[PDB]
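Only one chain comes next, encoded as structure tokens, the form deposited without the named molecule.
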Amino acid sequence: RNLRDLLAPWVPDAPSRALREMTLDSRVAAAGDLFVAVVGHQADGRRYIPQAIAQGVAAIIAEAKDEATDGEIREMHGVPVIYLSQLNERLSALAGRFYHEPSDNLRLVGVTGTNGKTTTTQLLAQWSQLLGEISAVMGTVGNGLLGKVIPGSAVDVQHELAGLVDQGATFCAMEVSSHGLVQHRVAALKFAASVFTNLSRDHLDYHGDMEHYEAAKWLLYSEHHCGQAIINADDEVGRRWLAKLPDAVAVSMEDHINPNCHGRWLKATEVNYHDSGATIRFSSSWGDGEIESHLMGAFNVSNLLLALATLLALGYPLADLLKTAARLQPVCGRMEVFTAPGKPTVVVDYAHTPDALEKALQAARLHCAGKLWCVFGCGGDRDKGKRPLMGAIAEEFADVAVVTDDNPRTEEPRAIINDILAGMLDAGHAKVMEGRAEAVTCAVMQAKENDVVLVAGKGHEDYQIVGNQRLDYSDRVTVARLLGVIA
């Protein structure tokens, strides 16, 4: 890493300096570092140029706005200070070059949209790895090689990606936030593929507003190296964009493929939702097939189909994808199914809000031939507002509501339960059982073979907070033990 080589594409004959790390934060800028001084929200890193120099940085790259001409090379206390216009816009490119273009040295897939981003990202990484990649994820959860995810600027994005390259990653599935995209955080990344789980947004009922929204986003995407575009056609905006993008892949499970266009497509033709997952029959421009998914709900059918279409577009053979599909697993604590011979199906899900609980129950229902049971509670010493709403939801969308404890903390456990019951039309029809373990057991042992039991609120959060004590407890382990299987 040399300053001169670093800047060669933009500033000829920049001074030669060995560079250590690249940072935006003057507080950590150390001997040999490249400090980058940017202007943001009510912030100007140029203020800290003296501090960075005093700390022994090798060089500084700074925003030119109001202070210098683009490419102007200055010298302060012997330290090169090079000014660049539109530095925020160029930061990704600058960092890309600093870190030896990590996105040129693995297959990067970007996933954007409001729903299904996390799951689709995980499925991409999982499936590619089953096909022989060493895969990684970058997301809100965290970054890392698959199964080693560690819990944000354009520089951090490039740094992290370079870290993954160093660890031997050949494939990375990256969640891209709307905000991140707008702030140029992935501007210089070479995406092999871009997955659009949806393109619609709330608050755009005015035609003028939808037009502006689409224009802003279209402009943004036009400035990125998106690679192959894989678009959910069950989204209204998705369909409109597909009509303008003849090389994009159209994906649907609700009959939104237009065969007249002769483009690439993938669609579910039928789904059988059963106890252990979904049997998904699909047709595609690559051929037809059947996948045995071990994921639950209609949304996860969509997420799987998006991942499949993406990997097909990237050239992974259909036969190999089909051969590995049955090994795709649920995201940790998310609609995780446990089945056992002659026992009810049990789903462990993290849902702990009204909206999430409703979605979870709707998903579980699709796999439920018999009665749907819902075992849940609400956290103590937190906002009480959700309590009656979650009560109402369990009553409406499940057949049997089993109300129990979920991290009561220092609050009277039965008071929390009463708050939940208060939201129900017929509280008397709910089952109340305290001791969460006991409640789970009640449901599992009483449910019929063709019933489904949703155990909501925790996912893989393996503790129960009672008073001030974080007690060892796991829904997954409790469920597995009851069913005679291994969590």
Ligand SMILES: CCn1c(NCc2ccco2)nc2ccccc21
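Numbers follow the displayed sequence, beginning with 1. Only residues modelled in both forms are compared. Each form is matched to the other, and the largest set of C-alpha atoms that superpose within 1.5 Å is called the rigid core.
Across the other compared structures of the same protein with both neighbouring residues present, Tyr206 lacks coordinates in at least a third.
According to the entry, the deposited sequence has 4 to 9 residues without coordinates between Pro151 and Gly152. The question of which stretch, 41 to 49 or 429 to 437, has the higher mean Cα B factor is settled in favour of 41 to 49. Taking the PDB entry as given, 377 to 385 carries the higher mean Cα B factor of the two stretches 400 to 408 and 377 to 385. Sorting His224, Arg107, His77, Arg365 by the CA temperature factor given in the entry leaves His77 at the top. In this structure the maximum Cα B-factor among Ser178, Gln122, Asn232, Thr345 is found at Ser178. Ranked by Cα temperature factor within the chain, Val455 sits in the lowest third according to the deposited record. Ranked against the other modelled residues of its chain, the C-alpha B-factor of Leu204 as given in the entry falls in the highest third. Annotation for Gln228: C-alpha temperature factor in the lowest third relative to the rest of the modelled chain, per the entry.
In the PDB entry, a CA B factor belonging to the highest third of its chain's modelled residues is recorded for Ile465. In the deposited entry, the Cα temperature factor of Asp349 sits in the bottom third of values across the chain's modelled residues.
The discussion below concerns the form deposited with the named molecule bound, not included here.
Contact with the named molecule in the bound PDB entry, defined as a heavy atom within 4.5 Å, holds for exactly one of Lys267, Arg334, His352, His224, namely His224. Residue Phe191 is the only one of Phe191, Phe397, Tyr316, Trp286 with a heavy atom lying within 4.5 Å of the named molecule in the bound PDB entry.
At a distance threshold of 4.5 angstroms between non-hydrogen atoms, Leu220 is in contact with the named molecule in the bound PDB entry. A residue is said to contact a partner when one of its heavy atoms sits within 4.5 Å of a partner heavy atom; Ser302 fails this definition for the named molecule in the bound PDB entry, lying far away. Interface residue remark: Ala229 is counted as part of the site for the named molecule in the bound PDB entry, having a heavy atom within 4.5 Å. Contact check for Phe376: every heavy atom lies farther than 4.5 Å from the named molecule in the bound PDB entry.
Exactly one of the stretches 267 to 275, 95 to 103, 293 to 301, 212 to 220 approaches the named molecule in the bound PDB entry with heavy atoms within 4.5 Å, and it is 212 to 220.
Here the marked residues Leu181, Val195 and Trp241 all reach the named molecule in the bound PDB entry, each with a heavy atom within 4.5 angstroms. Among the candidates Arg201, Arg365, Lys190, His256, the CA atom that moves 2 angstroms or more between the shown form and the other one after core superposition belongs to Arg201 alone. Relative to the displayed conformation, the Cα-Cα distance from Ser200 to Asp355 shrinks by 3 Å or more in the bound PDB entry.
Between the C-alpha atoms of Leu199 and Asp355, a gap narrowed by no less than 3 Å is obtained in the bound PDB entry, as opposed to the form on display. Mapped along the sequence, displacements between the shown form and the other one of 2 angstroms or more at every C-alpha, sustained over at least 3 residues after core alignment, occur solely at 198 to 201.
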